[PDB]
């Protein structure tokens, strides 16, 4: 797949589903993001925004965009990615939260703010190369 990636999730998002992303973080990475998006119209809500950042104290930001407004940011001050390194990024969709697993290590649990069944698309962009995106357990 090529970037930017913005594709429908087959059968929409459901509990039990996993999203498995294999990529390589850019040698020159500042940020990238993975968005679980409600539709493909301009100004679509983002149920879940997953945003690793190397600017400043290395961290990952988690948020929701609803009605044009970013919510209260959640943050984990730990960077499971590495500039120039291949990664395995898994989102396990559970009833209570998205469980994020990076290179086999449980990383974060992001509680649902928008109903997960409203999600139609996965969007991925930023400072990385994409090797594959797979939807499992749909």
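All of the numbers you see were taken from the coordinates with simple rules; none came from a lab. FYI the Cβ positions are ideal-geometry reconstructions off the backbone, even for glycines, and counts take in every protein chain you see.
Identify the residue in region 82-138 that is in a loop (DSSP other than H, G, I, E, B) and within 15 Å of the chain's Cα centre (by Cα) and, among all such residues, is surrounded by the most Cβ atoms within 10 Å (Cβ to Cβ).
119
Residues in region 19-32 that are surrounded by 17 or more Cβ atoms within 10 Å (Cβ to Cβ) and assigned to a strand (DSSP E or B): 19, 21, 23, 24, 25, 32. How many of the residues in region 53-64 are assigned to a strand (DSSP E or B) and over 17 Å from residue 35 (Cβ atoms)? So the count comes out to 1.
Being part of a strand (DSSP E or B) and surrounded by 18 or more Cβ atoms within 10 Å (Cβ to Cβ) is a property that residue 35 has.
Do any residues in region 77-89 that are at positive phi have Cβ atoms under 9 Å from those of residues that are assigned to a loop (DSSP other than H, G, I, E, B) and surrounded by 13 or more Cβ atoms within 10 Å (Cβ to Cβ), where the two are at least six apart or on different chains, and which pairs are they? Close Cβ pairs (under 9 Å, with a partner that is assigned to a loop (DSSP other than H, G, I, E, B) and surrounded by 13 or more Cβ atoms within 10 Å (Cβ to Cβ)) amount to 84/26; 84/29. So, of the residues in region 27-56 that are out of contact with any strand residue (DSSP E or B) (no Cβ under 8 Å at 6 or more places or on another chain) and free of Cβ contacts under 8 Å to residues at least 24 places away in the same chain, which turns out to be nearest to residue 100 (Cα to Cα)? For region 27-56, the residue satisfying everything is 56.
Any residue at all in region 118-137 that's closer than 25 Å to residue 12 by Cα and free of Cβ contacts under 8 Å to residues at least 24 places away in the same chain? Within region 118-137 (the criterion being closer than 25 Å to residue 12 by Cα and free of Cβ contacts under 8 Å to residues at least 24 places away in the same chain), the answer is no, since none of the residues qualifies. The number of residues in region 63-73 that are over 15 Å from residue 116 (Cα atoms) and surrounded by 14 or more Cβ atoms within 10 Å (Cβ to Cβ) comes to 1.
Scanning region 65-80 for residues that are part of a loop (DSSP other than H, G, I, E, B) and closer than 11 Å to residue 44 by Cα turns up 67, 68.
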